[PDB]
Every structure is written in structure tokens, then in C-alpha cells.
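Below is structure_23.csv, holding CSV, C-alpha atoms (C1' of nucleotides).
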```
chain,number,residue,atom,x,y,z
A,1,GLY,CA,61.8,13.5,-64.2
A,2,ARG,CA,62.5,17.2,-64.2
A,3,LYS,CA,58.8,17.8,-64.4
A,4,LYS,CA,55.8,15.8,-63.2
A,5,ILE,CA,53.3,15.0,-65.9
A,6,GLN,CA,49.6,14.4,-66.3
A,7,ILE,CA,48.7,11.2,-68.0
A,8,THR,CA,47.1,12.4,-71.2
A,9,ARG,CA,47.8,12.2,-74.9
A,10,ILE,CA,51.0,14.1,-75.6
A,11,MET,CA,49.7,16.5,-78.2
A,12,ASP,CA,53.2,17.2,-79.5
A,13,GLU,CA,53.6,14.6,-82.3
A,14,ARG,CA,57.4,14.5,-81.5
A,15,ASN,CA,57.6,14.3,-77.7
A,16,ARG,CA,54.9,11.7,-78.1
A,17,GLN,CA,57.0,9.7,-80.5
A,18,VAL,CA,60.0,10.1,-78.2
A,19,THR,CA,58.3,9.2,-75.0
A,20,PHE,CA,56.7,6.2,-76.6
A,21,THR,CA,60.1,4.8,-77.5
A,22,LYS,CA,61.6,5.5,-74.1
A,23,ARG,CA,58.8,4.1,-71.9
A,24,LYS,CA,58.1,1.2,-74.2
A,25,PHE,CA,61.6,0.0,-73.3
A,26,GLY,CA,61.0,0.6,-69.7
A,27,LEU,CA,57.8,-1.4,-69.9
A,28,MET,CA,59.6,-4.3,-71.6
A,29,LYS,CA,62.4,-4.1,-69.1
A,30,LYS,CA,60.0,-4.4,-66.2
A,31,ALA,CA,58.1,-7.2,-67.9
A,32,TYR,CA,61.5,-8.9,-68.4
A,33,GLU,CA,62.4,-8.6,-64.7
A,34,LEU,CA,59.0,-9.7,-63.4
A,35,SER,CA,59.1,-12.6,-65.8
A,36,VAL,CA,62.4,-13.7,-64.3
A,37,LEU,CA,62.1,-12.8,-60.7
A,38,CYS,CA,58.8,-14.7,-60.3
A,39,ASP,CA,59.1,-17.5,-62.8
A,40,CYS,CA,56.1,-16.3,-64.8
A,41,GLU,CA,55.4,-16.2,-68.5
A,42,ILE,CA,54.6,-12.8,-70.0
A,43,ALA,CA,53.4,-11.5,-73.3
A,44,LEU,CA,53.1,-7.9,-74.3
A,45,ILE,CA,51.6,-6.5,-77.4
A,46,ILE,CA,51.7,-2.9,-78.4
A,47,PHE,CA,50.2,-0.9,-81.3
A,48,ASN,CA,51.3,2.7,-81.7
A,49,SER,CA,48.9,5.4,-82.8
A,50,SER,CA,49.8,4.4,-86.4
A,51,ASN,CA,48.8,0.8,-85.9
A,52,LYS,CA,52.3,-0.5,-86.0
A,53,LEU,CA,53.2,-3.5,-83.9
A,54,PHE,CA,55.7,-4.0,-81.1
A,55,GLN,CA,55.8,-7.1,-79.0
A,56,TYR,CA,57.7,-8.7,-76.1
A,57,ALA,CA,57.4,-12.2,-74.7
A,58,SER,CA,59.4,-13.8,-71.9
A,59,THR,CA,59.3,-16.9,-74.0
A,60,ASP,CA,57.3,-18.2,-77.0
A,61,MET,CA,54.7,-15.6,-77.7
A,62,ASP,CA,52.4,-17.7,-79.7
A,63,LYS,CA,52.6,-20.4,-77.1
A,64,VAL,CA,51.4,-17.8,-74.5
A,65,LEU,CA,48.6,-16.5,-76.7
A,66,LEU,CA,47.5,-20.1,-77.1
A,67,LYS,CA,47.4,-20.8,-73.4
A,68,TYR,CA,45.4,-17.6,-73.0
A,69,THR,CA,42.7,-18.5,-75.4
A,70,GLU,CA,42.2,-21.8,-73.8
A,71,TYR,CA,41.9,-20.5,-70.2
A,72,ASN,CA,38.4,-21.1,-68.8
A,73,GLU,CA,38.4,-19.8,-65.2
A,74,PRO,CA,37.7,-16.3,-64.0
A,75,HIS,CA,40.9,-14.3,-63.3
A,76,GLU,CA,42.3,-10.8,-62.8
A,77,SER,CA,41.3,-8.9,-65.9
A,78,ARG,CA,42.2,-5.2,-65.5
A,79,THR,CA,41.5,-2.4,-68.0
A,80,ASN,CA,42.4,1.3,-68.0
A,81,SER,CA,39.4,2.4,-66.0
A,82,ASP,CA,40.0,-0.4,-63.4
A,83,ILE,CA,43.4,1.2,-63.1
A,84,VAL,CA,42.5,4.8,-62.8
A,85,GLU,CA,39.9,3.8,-60.2
A,86,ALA,CA,42.4,1.7,-58.2
A,87,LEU,CA,44.7,4.8,-58.3
A,88,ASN,CA,42.3,7.4,-57.1
A,89,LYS,CA,41.7,5.0,-54.1
A,90,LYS,CA,45.2,6.2,-53.0
B,1,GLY,CA,64.5,-0.2,-52.6
B,2,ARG,CA,66.5,-0.6,-49.4
B,3,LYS,CA,68.6,-3.2,-51.2
B,4,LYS,CA,69.5,-3.6,-54.8
B,5,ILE,CA,68.6,-7.0,-56.2
B,6,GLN,CA,69.9,-9.4,-58.9
B,7,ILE,CA,67.3,-10.4,-61.4
B,8,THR,CA,66.9,-14.2,-60.6
B,9,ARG,CA,64.1,-16.5,-59.4
B,10,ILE,CA,63.2,-15.5,-55.8
B,11,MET,CA,63.8,-18.9,-54.2
B,12,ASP,CA,61.7,-17.8,-51.2
B,13,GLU,CA,58.2,-19.0,-52.1
B,14,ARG,CA,56.8,-16.0,-50.1
B,15,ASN,CA,58.9,-13.0,-51.1
B,16,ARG,CA,58.4,-14.3,-54.6
B,17,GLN,CA,54.6,-14.3,-54.2
B,18,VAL,CA,54.8,-10.9,-52.7
B,19,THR,CA,57.1,-9.3,-55.2
B,20,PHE,CA,55.0,-10.7,-58.0
B,21,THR,CA,51.9,-9.0,-56.7
B,22,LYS,CA,53.6,-5.7,-56.2
B,23,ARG,CA,55.5,-5.5,-59.5
B,24,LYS,CA,52.6,-6.8,-61.5
B,25,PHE,CA,50.7,-3.7,-60.5
B,26,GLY,CA,53.6,-1.5,-61.3
B,27,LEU,CA,53.8,-3.2,-64.7
B,28,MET,CA,50.1,-2.6,-65.3
B,29,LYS,CA,50.4,1.0,-64.1
B,30,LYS,CA,53.2,1.7,-66.5
B,31,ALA,CA,51.3,0.0,-69.3
B,32,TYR,CA,48.4,2.1,-68.4
B,33,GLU,CA,50.3,5.4,-68.6
B,34,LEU,CA,52.1,4.4,-71.8
B,35,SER,CA,48.8,3.4,-73.4
B,36,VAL,CA,47.4,6.9,-72.5
B,37,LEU,CA,50.3,9.2,-73.0
B,38,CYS,CA,50.9,7.9,-76.5
B,39,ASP,CA,47.5,6.9,-77.7
B,40,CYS,CA,48.5,3.3,-78.2
B,41,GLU,CA,46.7,0.1,-77.5
B,42,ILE,CA,48.3,-2.4,-75.1
B,43,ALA,CA,47.7,-6.0,-74.1
B,44,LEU,CA,49.5,-7.7,-71.3
B,45,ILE,CA,49.3,-11.4,-70.4
B,46,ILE,CA,50.8,-12.9,-67.3
B,47,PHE,CA,50.9,-16.5,-66.0
B,48,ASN,CA,52.3,-17.1,-62.6
B,49,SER,CA,54.6,-20.0,-61.8
B,50,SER,CA,51.4,-21.9,-61.1
B,51,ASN,CA,49.8,-21.3,-64.5
B,52,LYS,CA,47.2,-18.8,-63.3
B,53,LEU,CA,46.2,-15.9,-65.5
B,54,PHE,CA,46.4,-12.2,-65.0
B,55,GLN,CA,45.7,-9.7,-67.9
B,56,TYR,CA,45.6,-6.0,-68.6
B,57,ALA,CA,44.5,-4.3,-71.7
B,58,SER,CA,44.2,-0.6,-72.4
B,59,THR,CA,40.9,-1.5,-74.2
B,60,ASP,CA,39.4,-4.6,-75.7
B,61,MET,CA,42.0,-7.3,-75.1
B,62,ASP,CA,40.6,-9.8,-77.6
B,63,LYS,CA,40.3,-7.0,-80.2
B,64,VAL,CA,44.0,-6.4,-79.7
B,65,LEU,CA,45.0,-10.1,-79.9
B,66,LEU,CA,43.0,-10.3,-83.0
B,67,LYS,CA,44.8,-7.4,-84.6
B,68,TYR,CA,48.1,-9.1,-83.6
B,69,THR,CA,47.3,-12.4,-85.3
B,70,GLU,CA,46.5,-10.6,-88.5
B,71,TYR,CA,49.7,-8.4,-88.6
B,72,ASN,CA,51.9,-9.4,-91.5
B,73,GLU,CA,54.8,-7.0,-91.5
B,74,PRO,CA,58.1,-7.4,-89.6
B,75,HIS,CA,58.2,-5.5,-86.4
B,76,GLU,CA,60.0,-5.1,-83.1
B,77,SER,CA,59.7,-8.5,-81.5
B,78,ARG,CA,61.9,-8.6,-78.3
B,79,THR,CA,62.4,-11.5,-76.0
B,80,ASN,CA,64.3,-11.9,-72.6
B,81,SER,CA,67.7,-12.5,-74.2
B,82,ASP,CA,67.2,-9.5,-76.6
B,83,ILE,CA,66.7,-7.6,-73.4
B,84,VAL,CA,69.6,-8.8,-71.2
B,85,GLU,CA,71.8,-8.2,-74.3
B,86,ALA,CA,70.5,-4.7,-74.8
B,87,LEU,CA,71.2,-4.1,-71.1
B,88,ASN,CA,74.8,-5.3,-71.0
B,89,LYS,CA,75.4,-2.8,-73.9
B,90,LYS,CA,75.1,-0.2,-71.2
C,1,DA,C1',48.6,-2.7,-44.6
C,2,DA,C1',51.3,1.1,-44.2
C,3,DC,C1',55.5,3.3,-44.5
C,4,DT,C1',59.8,5.6,-46.8
C,5,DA,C1',64.8,5.9,-47.4
C,6,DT,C1',64.9,13.9,-58.4
C,7,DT,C1',60.8,11.0,-59.3
C,8,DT,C1',64.9,4.1,-61.2
C,9,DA,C1',61.9,6.3,-64.9
C,10,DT,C1',61.4,10.2,-67.5
C,11,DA,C1',60.3,15.5,-68.8
C,12,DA,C1',62.3,19.2,-70.6
C,13,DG,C1',62.2,-5.8,-41.4
D,1,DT,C1',50.9,-6.3,-46.3
D,2,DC,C1',72.6,13.4,-74.7
D,3,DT,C1',72.6,15.4,-69.9
D,4,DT,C1',70.6,16.5,-64.8
D,5,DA,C1',66.4,18.2,-62.3
D,6,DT,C1',62.7,15.6,-60.4
D,7,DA,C1',58.8,12.3,-60.4
D,8,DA,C1',57.6,7.9,-59.6
D,9,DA,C1',58.3,2.9,-58.4
D,10,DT,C1',59.9,-0.3,-54.8
D,11,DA,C1',63.0,-3.6,-51.4
D,12,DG,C1',63.0,-4.0,-46.9
D,13,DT,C1',62.1,-3.0,-42.4
```

Rewrite the structure of this file - the entire thing - as C-alpha cells.
Amino acid sequence: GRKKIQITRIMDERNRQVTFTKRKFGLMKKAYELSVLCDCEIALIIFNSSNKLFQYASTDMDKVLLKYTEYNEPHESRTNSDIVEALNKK
Amino acid sequence: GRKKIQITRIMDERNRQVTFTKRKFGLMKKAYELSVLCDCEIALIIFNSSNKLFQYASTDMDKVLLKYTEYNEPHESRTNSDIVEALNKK
DNA sequence: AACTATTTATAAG
DNA sequence: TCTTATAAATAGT
């Protein structure tokens, strides 16, 4: 956008609340497209600072969660650190 | 990118596999940033066309899924259709 | 495994 | 492998 930003908690309770809403949609949109382009099933679960729930699922969310729990092989399992680290590599 | 593309299953088994890998990271990156910018907890579950698993979580993924299962209020619960619709509105 | 032709999202071959 | 001014993602070569 107009300015570049440093990933860090927006201290401003409002721009935070606004950015959340905006990006959340972007996130879901992407998820949507990825889901579709590549014939994959996606589930996305979000909890805002106030522990309120927002969820997207390409299909049948609980169906996906169920598959998940039953999975028994190793697999890509990233976390925030994994991500920051992968980033710094570039 | 160089060309605009229509959201639909990449029929080319290869460009599909490639695009999947690329965008998946983009997805996680975003999720990462959202998680951080806005102090929210995020869990992302992906299954490729071949039923293999990929997951990101801002923190303790199972902790998040657990919260989810226990939630009992109505909440934003989007799905692909909800998304396409919302798009066409623009 | 790069590259790269205001940064589509988002902050004020 | 809500409006632009700008950053950040990415299709394709």
C-alpha cells in the first residue's frame, strides 16, 4: 500500500480492527482460489484478539477437521517461526 | 502475473502441482502476517488433490482446533460459494 | 532456481 | 524451479 509496514501488533485498537477485517477477506479469497485452482480441500480457522471465531472451508469444515485428526503420516507442519525463518532466508 | 487467469482446476498436472506449491506458501505467509499484525490465532489445513496434508498454525494448532470445537456462538462461517458470491457483488 | 514485468493487497517461457 | 500511493504477491518466460 501507500506505506510499507513491519509485521507487528498494530497497537492502534482501530487500525488493528480494520486491517483484520480487510486482510481476513484477502486470506479467505486466496484460500478460495487455491482450493479451486488445485483441487484441494482447505479449512481456515481464525480467532481474533477477543476470542471470537471466523472460519472458512472450501467444503465441509467438520469433514476436513475429521480427516486431519485421523492423518497418521508426517507432513508439512509450519508455524510462525518456521515462516519468519524461511523468510529471512531470502 | 504475466497473464491473468480464470479460477478453475489447472488441467495441466504439472502447472497445477507447481502453482499449488507457490500459492500455498503465499497463503501461509499472509496467514502469518495476519496472525501477527492483529494478535489473532490462526489454523490452516490443506489437503492436495492426492489427500496429502499440509498445515500452518500461528501457534499450537491442536489447541486452536480444540477451541474451535468448543465454540458455541454463531460466527462468520464462509465457504467457496459465499466467496464467489461476495466477489460478483463487485 | 531465479527472475521481474504502487506493493493484487493494503496503509494511511 | 471510500479513494490513490505503494508494497507485496505471482504467472510466465

### Non-local contacts of residue D:7 (9 Å; all atoms listed in the file; under 2 positions in same chain excluded) as JSON, numbers by chain
{"A": [1, 2, 3, 4, 5], "C": [6, 7, 9, 10]}

### Task
Find the residues in chain D near chain B: any atom within 7 Å counts, using all atoms listed in the file. Write them as a ChimeraX atom specification.
/D:10-12

May I have the selected residues written with C-alpha atoms (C1' of nucleotides), as a compact mmCIF listing (two decimals), in the coordinates of the input?
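New file result-v3.txt:
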```txt
# COMPACT_ATOMS: atom_id res chain seq x y z
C1' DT D 10 59.90 -0.30 -54.80
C1' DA D 11 63.00 -3.60 -51.40
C1' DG D 12 63.00 -4.00 -46.90
```

Give me the least-squares superposed chain B (reference chain A; all C-alpha atoms paired in order) as an mmCIF file with C-alpha atoms, keeping the file's coordinate frame.
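Heads up, here's the output in part04.cif:
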```cif
data_model
loop_
_atom_site.group_PDB
_atom_site.id
_atom_site.type_symbol
_atom_site.label_atom_id
_atom_site.label_comp_id
_atom_site.auth_asym_id
_atom_site.auth_seq_id
_atom_site.Cartn_x
_atom_site.Cartn_y
_atom_site.Cartn_z
ATOM 1 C CA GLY B 1 61.796 13.477 -64.285
ATOM 2 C CA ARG B 2 62.528 17.199 -64.188
ATOM 3 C CA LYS B 3 58.785 17.801 -64.384
ATOM 4 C CA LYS B 4 55.883 15.773 -63.203
ATOM 5 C CA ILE B 5 53.374 15.017 -65.936
ATOM 6 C CA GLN B 6 49.597 14.403 -66.239
ATOM 7 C CA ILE B 7 48.729 11.179 -67.931
ATOM 8 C CA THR B 8 47.079 12.471 -71.225
ATOM 9 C CA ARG B 9 47.782 12.205 -74.967
ATOM 10 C CA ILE B 10 51.054 14.084 -75.699
ATOM 11 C CA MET B 11 49.648 16.492 -78.288
ATOM 12 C CA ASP B 12 53.205 17.156 -79.524
ATOM 13 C CA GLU B 13 53.641 14.618 -82.329
ATOM 14 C CA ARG B 14 57.408 14.499 -81.457
ATOM 15 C CA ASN B 15 57.603 14.308 -77.671
ATOM 16 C CA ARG B 16 54.899 11.712 -78.045
ATOM 17 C CA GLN B 17 57.021 9.660 -80.472
ATOM 18 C CA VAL B 18 59.937 10.058 -78.193
ATOM 19 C CA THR B 19 58.250 9.220 -74.945
ATOM 20 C CA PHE B 20 56.705 6.181 -76.553
ATOM 21 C CA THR B 21 60.080 4.811 -77.512
ATOM 22 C CA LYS B 22 61.579 5.416 -74.133
ATOM 23 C CA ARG B 23 58.737 4.081 -71.970
ATOM 24 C CA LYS B 24 58.139 1.119 -74.199
ATOM 25 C CA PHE B 25 61.600 -0.080 -73.300
ATOM 26 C CA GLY B 26 61.031 0.572 -69.675
ATOM 27 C CA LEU B 27 57.797 -1.418 -69.946
ATOM 28 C CA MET B 28 59.624 -4.303 -71.604
ATOM 29 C CA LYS B 29 62.429 -4.116 -69.038
ATOM 30 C CA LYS B 30 60.003 -4.347 -66.183
ATOM 31 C CA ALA B 31 58.174 -7.188 -67.893
ATOM 32 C CA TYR B 32 61.451 -8.832 -68.327
ATOM 33 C CA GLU B 33 62.422 -8.624 -64.645
ATOM 34 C CA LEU B 34 58.952 -9.649 -63.467
ATOM 35 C CA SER B 35 58.982 -12.634 -65.819
ATOM 36 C CA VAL B 36 62.380 -13.698 -64.289
ATOM 37 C CA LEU B 37 62.057 -12.848 -60.667
ATOM 38 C CA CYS B 38 58.810 -14.763 -60.369
ATOM 39 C CA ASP B 39 59.136 -17.513 -62.885
ATOM 40 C CA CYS B 40 56.119 -16.374 -64.838
ATOM 41 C CA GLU B 41 55.468 -16.171 -68.513
ATOM 42 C CA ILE B 42 54.614 -12.772 -70.025
ATOM 43 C CA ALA B 43 53.309 -11.504 -73.343
ATOM 44 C CA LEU B 44 53.095 -7.881 -74.237
ATOM 45 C CA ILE B 45 51.469 -6.416 -77.359
ATOM 46 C CA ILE B 46 51.710 -2.805 -78.365
ATOM 47 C CA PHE B 47 50.243 -0.880 -81.332
ATOM 48 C CA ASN B 48 51.272 2.669 -81.803
ATOM 49 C CA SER B 49 48.843 5.408 -82.773
ATOM 50 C CA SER B 50 49.683 4.422 -86.331
ATOM 51 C CA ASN B 51 48.754 0.749 -85.983
ATOM 52 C CA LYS B 52 52.313 -0.585 -86.012
ATOM 53 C CA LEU B 53 53.240 -3.564 -83.886
ATOM 54 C CA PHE B 54 55.726 -3.985 -81.125
ATOM 55 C CA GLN B 55 55.828 -7.201 -78.934
ATOM 56 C CA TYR B 56 57.725 -8.703 -76.047
ATOM 57 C CA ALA B 57 57.410 -12.116 -74.647
ATOM 58 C CA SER B 58 59.405 -13.742 -71.882
ATOM 59 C CA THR B 59 59.374 -16.901 -74.108
ATOM 60 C CA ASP B 60 57.285 -18.178 -76.956
ATOM 61 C CA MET B 61 54.708 -15.453 -77.541
ATOM 62 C CA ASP B 62 52.325 -17.562 -79.622
ATOM 63 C CA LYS B 63 52.599 -20.381 -77.039
ATOM 64 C CA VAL B 64 51.449 -17.869 -74.458
ATOM 65 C CA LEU B 65 48.555 -16.481 -76.563
ATOM 66 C CA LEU B 66 47.515 -19.980 -77.134
ATOM 67 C CA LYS B 67 47.428 -20.779 -73.451
ATOM 68 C CA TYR B 68 45.367 -17.570 -72.964
ATOM 69 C CA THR B 69 42.686 -18.514 -75.483
ATOM 70 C CA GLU B 70 42.223 -21.841 -73.799
ATOM 71 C CA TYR B 71 41.936 -20.482 -70.171
ATOM 72 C CA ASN B 72 38.453 -21.035 -68.825
ATOM 73 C CA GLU B 73 38.498 -19.837 -65.257
ATOM 74 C CA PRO B 74 37.791 -16.280 -64.030
ATOM 75 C CA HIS B 75 40.877 -14.304 -63.373
ATOM 76 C CA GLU B 76 42.262 -10.829 -62.826
ATOM 77 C CA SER B 77 41.300 -8.978 -65.966
ATOM 78 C CA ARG B 78 42.119 -5.207 -65.522
ATOM 79 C CA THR B 79 41.500 -2.463 -67.979
ATOM 80 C CA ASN B 80 42.405 1.346 -67.995
ATOM 81 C CA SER B 81 39.374 2.405 -65.952
ATOM 82 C CA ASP B 82 39.993 -0.438 -63.394
ATOM 83 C CA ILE B 83 43.375 1.167 -63.105
ATOM 84 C CA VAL B 84 42.557 4.899 -62.798
ATOM 85 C CA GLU B 85 39.936 3.799 -60.203
ATOM 86 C CA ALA B 86 42.424 1.754 -58.251
ATOM 87 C CA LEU B 87 44.721 4.797 -58.329
ATOM 88 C CA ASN B 88 42.267 7.396 -57.052
ATOM 89 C CA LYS B 89 41.728 4.984 -54.066
ATOM 90 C CA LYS B 90 45.135 6.166 -53.002
#
```

### Task
May I have the residues within 9 Å of stretch 69-86 of chain B as a ChimeraX atom specification, using all atoms listed in the file and disregarding those fewer than 5 positions away in the same chain?
/A:28-29,32-33,35-36,52-61 /B:64

### Message
For a test of reading the model, state the distance in Å between atom CA of residue B:47 and atom CA of residue A:88, rounded to one decimal.
### Response
26.9 Å

### Query
Given a cut-off of 10 Å, which residues of chain C touch chain B, counting all atoms listed in the file, written out as a PyMOL selection string?
chain C and resi 4-5+8-9

#### Entry: For atom CA of residue B:38 and atom CA of residue A:25, the interatomic separation in Å (one decimal)
13.7 Å

### Task
Take atom CA of residue A:45 and atom CA of residue B:44 and report the distance between them in Å, one decimal.
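Result for atom CA of residue A:45 versus atom CA of residue B:44: 6.6 Å, one decimal.
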